[PDB]
Structures are given as structure tokens and as C-alpha cells.
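Undergrad: Right, I'll just put the structure down here and ask away after.
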Amino acid sequence: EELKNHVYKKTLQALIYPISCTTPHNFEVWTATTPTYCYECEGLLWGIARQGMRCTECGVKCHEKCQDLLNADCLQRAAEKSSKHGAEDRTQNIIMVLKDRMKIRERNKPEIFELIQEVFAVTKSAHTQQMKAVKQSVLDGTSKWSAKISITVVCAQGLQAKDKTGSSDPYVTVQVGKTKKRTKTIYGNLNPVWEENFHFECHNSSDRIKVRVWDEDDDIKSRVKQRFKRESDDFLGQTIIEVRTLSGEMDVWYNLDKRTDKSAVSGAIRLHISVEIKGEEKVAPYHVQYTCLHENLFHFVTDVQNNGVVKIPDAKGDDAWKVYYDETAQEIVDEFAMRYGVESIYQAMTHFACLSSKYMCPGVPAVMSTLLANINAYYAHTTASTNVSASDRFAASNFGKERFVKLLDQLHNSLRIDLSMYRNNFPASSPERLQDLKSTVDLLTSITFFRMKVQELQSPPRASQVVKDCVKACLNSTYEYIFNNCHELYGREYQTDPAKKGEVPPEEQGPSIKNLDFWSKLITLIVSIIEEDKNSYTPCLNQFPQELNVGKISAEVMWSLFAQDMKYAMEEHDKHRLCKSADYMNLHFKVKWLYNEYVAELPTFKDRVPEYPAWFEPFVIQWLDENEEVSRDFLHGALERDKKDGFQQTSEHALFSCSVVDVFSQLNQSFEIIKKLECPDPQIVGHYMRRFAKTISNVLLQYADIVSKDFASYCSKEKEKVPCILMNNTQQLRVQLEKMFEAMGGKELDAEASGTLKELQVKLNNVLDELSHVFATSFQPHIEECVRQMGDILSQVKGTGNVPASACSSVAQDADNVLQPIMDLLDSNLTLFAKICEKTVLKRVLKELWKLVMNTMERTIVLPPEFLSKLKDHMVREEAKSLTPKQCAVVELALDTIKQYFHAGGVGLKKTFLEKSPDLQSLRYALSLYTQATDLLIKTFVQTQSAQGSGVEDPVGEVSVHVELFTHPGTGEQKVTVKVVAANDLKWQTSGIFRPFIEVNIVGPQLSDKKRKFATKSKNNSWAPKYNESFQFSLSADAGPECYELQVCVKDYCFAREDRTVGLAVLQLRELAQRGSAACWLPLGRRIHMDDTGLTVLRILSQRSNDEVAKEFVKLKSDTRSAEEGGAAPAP
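Letter 1082 of the sequence shown, counting from 1, is numbered 1477 in our numbering, and no numbers are missing.
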């Protein structure tokens, strides 16, 4: 209150006579060339020694030291000069100028005085009466030196003695003008203290105070003296003082002087002296008075006039920072800051303190950015010519540095706060609040700059980081709020059903387990925000463009927070599977899109393989599962529809049936659903491919199986189209599987998906072999039948250099006759199969058939039932009427015809495979036996009949031979010394005298020229007869001993009658080749055992029925004991 009313009064006084009424003294230096007296002090001006100043405008003559002590303006001092030259009336005139100035001022600017009244809340009547007071303080006070004076006589020291006591009873009189007063008396003292005050009136600075000290005589002498002298109280001394030496308040001691005829004087008097030319010395330092004025005015303007709205001033330039108000108010504070000097920066800091209480009002952040840029520029640069620091010049602020620092920090914090929710506090929908926002960051740069420049702080908070925190803050508050309120937000902001805009359950404003829609909704929220940040805020907040892309900070913050939440969601869905596979696939495309839009290009995530595919992968696998099972049900349907269609070929040249196509179509539709994800994690891809390669393997083996199962039922000799088509299906699987494997990225494929499909292809191959076999096999009975007929037809042909012209019928006619049962079957079927089998299929079929055929002929014709089943039977010791040249031909031509048929010009089998067919080469080889030489055949017999020695069926006795294989010392041939030691167990109890002897024979090749037989002497009546007789066979030199065997035979001697065979044993000379010599018991058989090659050779040697070696061989091997004299039957 005190300061407010003091400042009200001093503002009224300051502006009733505004200092802008005043005029300046144009002084010339002027020589007082005669003794002259100064119009201020009345002091001597004289010569050059004491020159004066003569004004022209005020005219006024004074000391130099007085030309400024001439206090009043050049109007008033022109008046006072005019009174001191002669015209006093000019003084009353300029008193009337002072009146008229104040009347005009009031009448012309009444709004100044009214505003001071309203700002200081004074009434109009009381304002009129305080205005009478400040009018009077310049209008009674228009020209006054009407001093009240208040003289405290304090004390004296060293006074003269005069007393009745012998000391003195000093009192004092004081006089000013005619008026006279006294102290009471100090008694008996020469150093008295009174401290006694006298008020006086003076009307002239050239008056004197008179002060006089008196010894108080109250005695008969003083009662007498009172009749003759005025001063009845013996005078102790005086001082006399000019009123112009006085001012304000004083406390001074003065030495004392004489006056009266009674005077004896010494010492001094102390006087306190007040002089009430003194006025408002009670100044709050005019700073503070101006502040009070300014705060009152500011609240009055903003709050009272403008209802708290900050009216931005009637301001001019950047120096709006110095024009705080409209004219009236501006002139108020300026006439105050002029009359009372208050510096422009102090005025400004006061205004910035005011504004900070309102900083949120529109445009105020631009004004405060301005005002602070200036208060900064002031302390940082204005008078930075002073070597004092900005922070210290700012300390020397009469405002108080600290008060200002606090104020900035509070404000800055309040800005940081508002920025931390920039979106909510400065919505993009208000460009005005986007501009206040922009001007706020301009203010915050201006504060950071003040801290850096005026406070001289070295690392103040960097304006970009300060704001980046606030943005991150505002973004995280946004994210929390969206993740918790997704439905309310997506609801109101976009939702594709108006019934879904409201407070949907929290399990749907955060994550649902039932649906993916919260997440599609959250995706759109995220997009929208990043857009607003990119689009409204990144431009609004461009001050740190390099540091502060609001759109990027948005995309990063929001995705990060999202991706966490989404990953957990996908894991949660995976436990429950309430949404369909498909829904997660749709969500995957949305998420894939979203990342690949906003996120992938932020450096942080450009740096990485996207992790999101790991979220969807189980749902893709679920889909692959649903898919495989559907595909396997489909597979069975397709196979069964095709089966119902009897497995027709898709066309007569599209050799597989339609199910193959359907399946590959399905598998491709399926694969493409996978492929359409393009998962950027190739191991998750690898997993899908492993999963699917299994699907494929399973489906295709299940096909190949369902085929392989039905296959044999179709192999019957009339549905033949169908097994062809099924093998073509199988092969077509392999073929399209190679394609699909390539489509899955071929050799680039996951090694285990690849492992699977390689395994699969190998199994499908092995299936196709077994089908080709099973197929070729169903014709086998027909083949065997036909081949037996061809064998029957061939048996009419014989060795036709030895037969008539119906069987010496040409090699061709015989071959044709022979061939005919098969050529019928062949031509039809191979043509049909060549038309309707895929070449892979056909080749396998044909190999199987070829083998089968070859083997069938080799058996059924070349080692035929029409030969050996006679010779080794009770039937004919066959020739097959000689398998000469002719039936070697016929067959070789038929084989060739067949080989051309199976070859089918390369449409069938390769002439290489056929020529190098073991089936053929064996067949050819058996054919070669038939034409061979007798000794080669006999060699083949002894070498193959190795078993002729190990085991005899029912022995008739045994022979002890000691045999020596001398590689002969006389010739280098092989000779065989057979020492016939004895026989034993001879089953020969004959009716005549028994006379046993032992024959020994040799068997092997090249024995036509050599003694094949020896015999011992006889022994009478003896069934274990000894001989000790030595024979010497010769072998060939060229054939080794393993080409030979002894054939021992005991016999009964009957001269003039006939000798009789008692038994037979074979000793292989292959043993004696090793043993060198051998004592051995040879069990005598009744016959000698053979194998099929003994018998094949014996069938070919029996054809040599005229060759004496082949006769004697066929005879000596068909040689047997008569059962007489010794019991049971032989065995084969």
C-alpha cells in the first residue's frame, strides 16, 4: 500500500507538470567587466577573475558554478532573470504558464490522470483532491522558497564564564527574520547540552539565522539592566548563518562571536538545523517506484481493461521491448522514467516479469522471445564495451539478476512442460497454436541463448535435446494412450461401423484373443500419428531441422512400442487359434506392408532382417497343415474321380491321367499362397519349405502308393492302356516334381526340404521300376505260352543240311513260322505301348519284357523242353534231330527280328543294351554249345562233373587204388601209375566160381589215340581180392589233370564165356594234381551221377552219334553195373 500510494502521488506530480513542459538555458560565457551579483547565489562575479554565464533565452546572469544551480527551466529562469533585470510581472506570467501548462495537460490528456486514478484504483473525487494536492505541489510550489526551519540548539563547548555561580548559566536565543525564541538554561556549565528545537519561517534564501548565547542572570542587576539593555543575561557569544548555506537537515558546530558592550566570548555552539525546502526525499529508489507503477499498470491493462488478455502494446520496432503500453500508459511510465531517470533495461525486465504471469496468451511467446532477445542483447552486447562480464553487468542490474534468473527458469520449465505434451497443448488443428508453438521454441532458443550469453553458462541444456525429450514424452504419452484406448480412438477416428466408436471392452482397447481387429486398428492409429508428426509438427518445429525430424522420431518410437506388443499378441493367439489361419495371413500382409512402409527405412531397422515373420510363422504352419490335409483329401478325391474315369490318358499324347494335373495344380495353388508371403527371414522360409516338402512327399507318395496298389489289378492283358497311363502318371509326377522343386527355388532350396524332395524322387523312381516289372510280368504267361509254341514250331526245323526242303525251308520262312506266335503279340502291344507310354516308362517296361522274353526263349527254346526233357528221361537220347547250323540260324534271325522289334528303330531299347544283353549273350552262348567240338564238350563235362567222386548212391563194394600222377620223366606228359591194390565188400556172390579182376579206365578230352582201359589178372573165389598190379595211363600233354578222371570198374572173369561188371567208381585227377599220389578207397556205384551241364553236353555229344569218341564217351558215362549177384537199384 505505502509504495503504491507514494507512487500514485509521484506519478500524478510527475505528469501534471510533465518534465516535457521544460526549456533549456542557452548560456554564453560572459565577463562581469564590472562587479556583479549572481542571480542564483547573489555572490560576486568580477572581471576575468570571476566570470559568469549569461543565458540568452533565460537572459540569466550567474556564476559558472551557479548556471546549473539556477534550478528552474529556461521559461522560469527567463522569468526570474526578467525580475532581476526589472520586470517582476514576468514571474507571475510564468506561474500562469505553469498553471496553463497543467490546465492544458489535464484538458488535453485527462486520460493520463484518469488512468493513474484507475490503475491506483483511487476515486474521481479523491483523485480531484490529491490532484489539488499535486497541482498545489507545483502551483502553490510554482516558485517557492518559503522554508520552514527547525533549529535544534544542541550544545556548546569552551564558553566564557560570566555567572553568579562563577561558571555560566548558558541559554541561547535563536532569531530568523524579526522572530525570536530561546532555549531553557543549562546552569553552572561552560560545555552545556540543550538539544532544544525552535521552528521558524523564512521566505528568502538571502536571510540570516542569528544564534546568541546568554548567561541567565536573574538578580537585582539584571532587573536594573532590563531598563537600559534588551539582553539582560550576560552574553556568551553568537553565530550568524546565511539561509542559502542551509538545506534539508544539518548538524554543525560554529565558533562564537561578540555583540554587546558587555561581550567577553570564547568557544563554539552545535546547532542541528532542519530546512523544509525538503520534499519527497522518501523516494523508494526510483527503480522500485517505477516497478510499482509498472506492475499496477500491467495488471490494470491486462486484467482490468483486457480481462486477463494481454493486449500487445501500441509498440514500435523490436523496441516493442521498450514500448510496454499504449501512448497514455507509455507516457505515464516514460515521464516517470524520465523525471526519475529509470533505465530502459530495468523497465524491460519489469515488463518481462509481468508478461511471464500470462505467457500462454496468443502471440506472447513471440513478444517474450523478442523481449528476451533484447534483454539478452542488452546485457550480452549493449555496454559490453565495459570489460565487465555479461553475467556481472547483469548482476549490476538494479532489477536484481537473481530475480530475473528465477523468472527465466520458471518460464523455461513452464515451456518444457507445455512442450512435453506439445500435441495436446498446441494441436495441429490450430495453426495459431502451431505458431505460438513455433514462437515458444524461438523463445526457448532465446532463453538457452540468455543462459549461454548473459548467465555465461558453458553447457546449458541444448534446445534441440530439451525439445526431443518433450517430443519423446508426448509420443510415449500418445503410445500409452493409444495402446490402452485403441478402440475409443480407432472408434472415433475411423471405425468402419458407428456402433464400434464407443468404449468397447478393455480386452478390445488393448489386445483381443478372439480377433485381429484391434491390431488392424492399432496399425491405422500408428499411421495417422506418424503422418500428423511428419506433416504438421516437423514443419512447425523446424528450428533444429538436422536434429528434429518429428515424423521420424514418431515412426521409431511408435513402431518400437508396437512391435513388442504385437509379438506377444501373436504368441498369445498361437495358444488359442480363435481367428482362422487366413486372418493371421491377412494381418501378416498388413504388417508386412506397415513395416516395409514406415519402419524398414529408419536406419535402426534398415540395419536388420525383420523379426515380425517369426510372429506369423506358426499361423503359416497351421495354414500349411490345413492345406496339406485338404490336399490329401483332395488327392484321394482326384485319384478316385480319375479312377471313376477308368484312368483315361489326359489325351492320347498327354499320356498320364488328369489327377496328376489336378494335384500339381493344387500343389501350385498351395505353394503360391506360401510364396506370396515372401518372408524376409529365410530360415522361417526354410521351415515352411521343410514343412511343405513333407506335404509334397506325403501327398505324392500317397498318390504313387494309391497307384501302385491299384496297378496290378490294371495289369491284366486288356486294360493295358491303364497300367501304361499309371506309369506315365508316376513319371509325370517325377517330371512335374522336378518343376515344382525348381519353383520352390530348386538348388537354392533349404537343404532338408531338398533332402526330402530328393528322397521322394528316388522312391518315386523305385516305385516306377516295380510297376514296370509288375506290368511286364502280367504278360509273362502269354510270353511263355507263345515261346513254347515257337519252340514247338522250331522242333519241325532240324539240322536241315540233313533234312528235306519243307524244313530246309529258308532260314527266313522257318524263322517267320517260329516267330509268328510272338510277333502278333509284340507288334500290337509294342505299337500300342509306343503310342501310349512315356519313354522312361516304356524303356523300363521293355527291359523287363526283354529280359523276360530272352530268358523265356533261352529256357523254352535253346535249352528247350524239346531237347533235355527227352535225353535225361526214358524218352529219346536226343539229337533234337541235330541242332546244327540251321536251327542256330532261324533262331539267330528270329532273335534279330525280335531285337529289331524291341529296338523299334530306337523308340524301344538301345541296340547297345540289346547286344550287350546278358539275356541275349547267354542265349548266344547256349547256342554255341550245340555246334562245339567233341573234346571241348568232353572237357566241359569233366570240369563241370566235379561231383563225380564225392558221394555214390548205394555202393556195391570199394576199390583200394594207389595212384601216382607222374608228370612223366621220359616225356613231360602226364602219366597215371594206377596200382590196383585190392577190392573190398564186392556184392557179387555168383553161381559159377567167382574170378574177380579190376578194369581201370581214364576219361577226359584227347583220349581217341590213348589206351583208355587196363585190367588185372583174376583171383579165384575172393570178394576182397588183392592184386598189387600197376597200370600206366597217358593223359594229354595240353589238358591238365583236372580235365581228367579215372573210372574204375571191377569185373568177374569167365574164359570161353563172358566177363561181367561188378561196379564202377570215379576218381577225379584234379585231386591227384594236388596230392601227387593217392591211396584211396573208391566206393563202387552201380551208375555215375550228373548235372544239367553234364546233361547239356551229353545231349550235344549224343548229337555226335557217329563220332567214335562221342559214342564211347556217351557210352562210358551211360555205363552201369548189372544188378545180378548183388541186390538193389541205382539212383540218379
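Using N, Cα and C, we set each Cβ at its ideal position, and we do this for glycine too.
Going by the CB atoms, is the gap between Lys605 and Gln570 shorter than 8 Å?
TA: Reading the sequence shown from its first residue, position 175 is the one you call residue 570. Reading the sequence shown from its first residue, position 210 is the one you call residue 605. Yes; because the gap between Cβ atoms is below 8 Å, this pair is in contact.
Undergrad: Which residue from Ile925, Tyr1007, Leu973 puts its Cα closest to that of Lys962?
TA: Position 567 of the sequence shown holds residue 962. That would be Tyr1007, whose Cα lies nearest to the Cα of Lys962.
Undergrad: Any chance you could list the beta strand (DSSP E) runs of at least 3 consecutive residues sitting entirely within the stretch 706-731, in chain order?
TA: Runs found: none.
Undergrad: What residue does the beta strand (DSSP E) around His1357 start on, and which one ends it?
TA: For the purposes of this step, residue 1357 is identified with residue 962 of the sequence shown, where counting begins at 1. Per DSSP, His1357 belongs to the beta strand (DSSP E) from 1353-1362.
Undergrad: Measuring alpha carbon to alpha carbon, tell me which of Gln904, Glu1507, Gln1131, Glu1273 ends up nearest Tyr1325.
TA: Here residue 1325 corresponds to residue number 930 of the sequence shown, with the count starting at 1. Looking at the Cα atoms, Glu1273 is the closest of the given residues.
Undergrad: Under a CB-based cut-off of 8 Å, is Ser562 close to chain B?
TA: Given the protein chain composition of this structure (a single chain), no chain B is represented.
Undergrad: Buried or exposed for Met1252, please, with buried defined as at least 16 other CB atoms from any protein chain shown within 10 angstroms of its CB.
TA: Here residue 1252 refers to the residue found at position 857 of the sequence shown. Counting Cβ neighbours within 10 Å, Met1252 comes out buried, since at least 16 surround it.
Undergrad: Taking 8 Å as the threshold (C-beta atoms), are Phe693 and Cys749 in contact?
TA: For the purposes of this step, residue 749 is identified with residue 354 of the sequence shown, where counting begins at 1. For the purposes of this step, residue 693 is identified with residue 298 of the sequence shown, where counting begins at 1. Yes; because the gap between Cβ atoms is below 8 Å, this pair is in contact.
Undergrad: In the DSSP assignment, the beta strand (DSSP E) including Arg665 goes from what residue to what residue?
TA: Start at 1 with the first residue of the sequence shown, and residue 665 comes out as number 270. Its beta strand (DSSP E) spans residues 663-670.
Undergrad: Using the DSSP secondary-structure output, state which residues sit across from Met645 in a beta bridge.
TA: Here residue 645 refers to the residue found at position 250 of the sequence shown. Per DSSP, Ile668.
Undergrad: Go to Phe593, then tell me how far its beta strand (DSSP E) extends in each direction, as first and last residue.
TA: Translated into the one-based positions of the sequence shown, residue 593 becomes position 198. Taken as a continuous stretch (DSSP letters only), the beta strand (DSSP E) holding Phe593 covers 588-596.
Undergrad: Candidates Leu1128, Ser1046, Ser1149, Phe1051: which alpha carbon is nearest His1082's?
TA: Start at 1 with the first residue of the sequence shown, and residue 1082 comes out as number 687. Nearest C-alpha to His1082: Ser1149.
Undergrad: For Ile443, which three-state DSSP category applies?
TA: On the sequence shown, position 48 is the one that residue 443 refers to. It is a strand residue.
Undergrad: For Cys450 versus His480, is the C-beta distance shorter than 8 Å?
TA: As a first step, residue 450 must be located in the sequence shown, where it is residue number 55. As a first step, residue 480 must be located in the sequence shown, where it is residue number 85. Not a contact, by the Cβ cut-off of 8 Å.
Undergrad: Output the boundary residues of the alpha helix (DSSP H) element that contains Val619.
TA: As a position in the sequence shown, residue 619 is number 224, starting the count at 1. That run of the alpha helix (DSSP H) goes 615-620.
Undergrad: Apply the 10 Å Cβ neighbour rule to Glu1115 and answer buried if 16 or more other Cβ atoms are within range, or exposed otherwise.
TA: One-based indexing of the sequence shown puts residue 1115 at position 720. Looking at its Cβ environment, which holds 16 or more other Cβ atoms inside 10 Å, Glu1115 is buried.
Undergrad: In this structure, how does DSSP classify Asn466 when only helix, strand and coil are distinguished?
TA: Counted from its first residue, the sequence shown places residue 466 at position 71. Reduced to three states, the DSSP call for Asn466 is coil.
Undergrad: Can you name, in chain order, every residue of its own chain whose Cβ lies under 7 Å from the Cβ of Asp1380, other than the five neighbours on each side?
TA: Here residue 1380 refers to the residue found at position 985 when the sequence shown is read from its first residue. Taken in chain order, the residues that qualify are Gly1352, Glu1353.
Undergrad: Kindly provide the ranges of any beta strand (DSSP E) runs that are 3 or more residues long and lie completely inside the stretch 549-579, ordered along the chain.
TA: Listed in chain order, they are 565-571, 574-577.
Undergrad: Evaluate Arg502 with the Cβ neighbour count: other Cβ atoms within 10 Å of its Cβ, from every protein chain shown; 16 or more gives buried, anything less gives exposed.
TA: Within the sequence shown, residue 502 is the residue found at index 107, counting from 1. By the 10 Å Cβ count, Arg502 comes out exposed.
Undergrad: Return the residue from the list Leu1163, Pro1400, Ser1317, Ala1432 that minimises the CA-CA distance to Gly1365.
TA: To locate residue 1365, count along the sequence shown from 1; it is residue 970. Comparing Cα-Cα distances from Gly1365 to each of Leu1163, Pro1400, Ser1317, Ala1432, the minimum goes to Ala1432.
Undergrad: Return yes when the Cβ of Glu1437 is within less than 8 Å of the Cβ of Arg1470, no when it is not.
TA: By one-based count along the sequence shown, residue 1470 stands at place 1075. By one-based count along the sequence shown, residue 1437 stands at place 1042. Contact: no.
Undergrad: Assuming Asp713 and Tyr720 form a contact by the criterion Cβ under 8 Å, report the distance between their Cβ atoms to the nearest whole angstrom.
TA: Position 318 of the sequence shown, counted from the first residue, corresponds to residue 713. Position 325 of the sequence shown, counted from the first residue, corresponds to residue 720. Their Cβ separation, rounded to whole angstroms, is 17 Å, which puts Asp713 and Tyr720 out of contact at 8 Å.
Undergrad: At which residues does the alpha helix (DSSP H) containing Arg887 begin and terminate?
TA: Within the sequence shown, residue 887 is the residue found at index 492, counting from 1. Start and end: 881-889.
Undergrad: Grab the span of the beta strand (DSSP E) containing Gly1471 for me, first residue to last.
TA: For the purposes of this step, residue 1471 is taken as residue 1076 along the sequence shown, with counting starting at 1. Counting along the chain, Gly1471 falls outside any beta strand (DSSP E), and DSSP gives it neither H nor E.
Undergrad: Look up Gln1078 in the DSSP assignment and give the residues it is bridged to.
TA: As a working mapping, residue 1078 is identified with position 683 in the sequence shown. Answer is none; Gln1078 lacks a bridge partner.
Undergrad: Decide if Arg1499 is buried, meaning its Cβ has at least 16 other Cβ atoms within 10 Å, or exposed.
TA: Taking the sequence shown and counting its residues from 1, the one referred to as residue 1499 is at position 1104. The residue is buried, with at least 16 neighbouring Cβ atoms inside 10 Å.
Undergrad: Work out the CA separation of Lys1334 and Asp1211 for me, nearest whole Å.
TA: As a working mapping, residue 1211 is identified with position 816 in the sequence shown. As a working mapping, residue 1334 is identified with position 939 in the sequence shown. So the two alpha carbons sit approximately 36 Å from each other.
Undergrad: Can you tell which of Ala1473, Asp1514, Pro1527, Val1457 has its C-alpha closest to the C-alpha of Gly1521?
TA: The sequence position of residue 1521 within the sequence shown is 1126, counting from 1. Cα-wise, what sits closest to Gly1521 is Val1457.
Undergrad: Which of the three DSSP states is assigned to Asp1211 in this structure?
TA: Within the sequence shown, numbered from 1, the residue matching residue 1211 stands at position 816. In this structure, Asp1211 counts as helix in the three-state DSSP scheme.
Undergrad: Please report the residue range of the beta strand (DSSP E) in which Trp988 lies.
TA: The residue given as residue 988 occupies position 593 in the sequence shown. Unbroken run through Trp988 is the alpha helix (DSSP H), 976-989; no beta strand (DSSP E).
Undergrad: Name the two residues that bound the continuous beta strand (DSSP E) containing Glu1424.
TA: Counting from one through the sequence shown, the residue named residue 1424 turns up at place 1029. From DSSP, the beta strand (DSSP E) with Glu1424 extends over 1421-1429.
Undergrad: Decide if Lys1242 is buried, meaning its Cβ has at least 16 other Cβ atoms within 10 Å, or exposed.
TA: As a working note, residue 1242 is residue 847 in the sequence shown. Its Cβ being crowded by 16 or more others within 10 Å, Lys1242 is buried.
Undergrad: Any contact between the stretch 421-430 and the stretch 537-554? By contact I mean 3 or more CB pairs, one from each, below 8 Å.
TA: Contact fails: fewer than three Cβ-Cβ distances are below 8 Å.
Undergrad: Between which residues of its own chain and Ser1190 is the CB-CB distance below 6 Å, once the five residues before and five after are set aside?
TA: Translated into the one-based positions of the sequence shown, residue 1190 becomes position 795. Contacts found: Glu1261.
Undergrad: Does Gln1463 come out as helix, strand or coil in the three-state DSSP assignment?
TA: Mapped onto the sequence shown, residue 1463 falls at position 1068. In the structure shown, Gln1463 sits in a strand (DSSP, three-state: E or B).
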